[PDB]
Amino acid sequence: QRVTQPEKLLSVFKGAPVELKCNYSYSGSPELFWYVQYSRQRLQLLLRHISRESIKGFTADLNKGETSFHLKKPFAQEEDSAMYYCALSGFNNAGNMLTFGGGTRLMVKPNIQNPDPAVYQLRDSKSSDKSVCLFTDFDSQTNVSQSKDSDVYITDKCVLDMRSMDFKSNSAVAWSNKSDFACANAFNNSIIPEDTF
C-alpha cells in the first residue's frame, strides 16, 4: 500500500491546464481521494474516485491500467494555488485508514496585463537611514534569483491583487546593511532591459 506524488511543485500560468500526478500500488480494488489545504485553512477533502462530479473545476479518473489517479483541470485559476494530497484507503489495516502521498504545491502565476518593470527605493518610516529596494510590475517571464552575497537579502517574487482596481502585480524586495548597497545594483539577475530606475 503506497501512494506516490512524483513532483513536489507544479507552477502553471493562469488559464493553462493542471495535472497533479498520483500513482498507487495496492493489491485489490482501491479507494482513492484527493485532499487539499489552502493557506491558513485546515486540510480537507476535495474529491473521491466514486463520483464523476467536477469539484471546483477539478476531476480525477481512476485508471487501473496505469494505477493512476491524476487530478486535472483545463484552466488554472489563481484561487487553485494550494497544497494537494493524493490518498488511498486500506481495508482492515487494524481499522480502515488512509495513506497519503507526499503532497504537491500548485502555484498559478498571473498573466500581467501590461508589464511596467521598475526598481524603486523605499525609506524606513522610523528615523533610521535604512531603506529597501522594490522590484515590481515585471512580467511573469522574469525569475528573481537569490542573493549570492551574504549581507544582501533578496526575497522571491510575490503577486498581490488590488481587486478593487482589477490589477495584479509581481514584486520582490532587496535590502542590505552595507554602505555599498544600491538599488541600481540590487538585482544583478535577469531583469528586463526596459527596467525603470
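Residues carry their position along the shown sequence, with the first being 1.
When the two stretches 146-154 and 53-61 are set side by side, the higher mean Cα temperature factor goes to 146-154. Of the two segments, 41-49 and 24-32, the one listed with the higher mean B-factor is 24-32 (C-alpha atoms only).
Sorting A118, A82, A94, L71 by the CA temperature factor given in the entry leaves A94 at the top. The entry assigns its greatest Cα B factor, within the set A184, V18, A174, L9, to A184. Among the modelled residues of the chain, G90 sits in the highest third by CA temperature factor in this PDB entry.
Annotation for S169: CA B-factor lies in the middle third of the chain's modelled residues.
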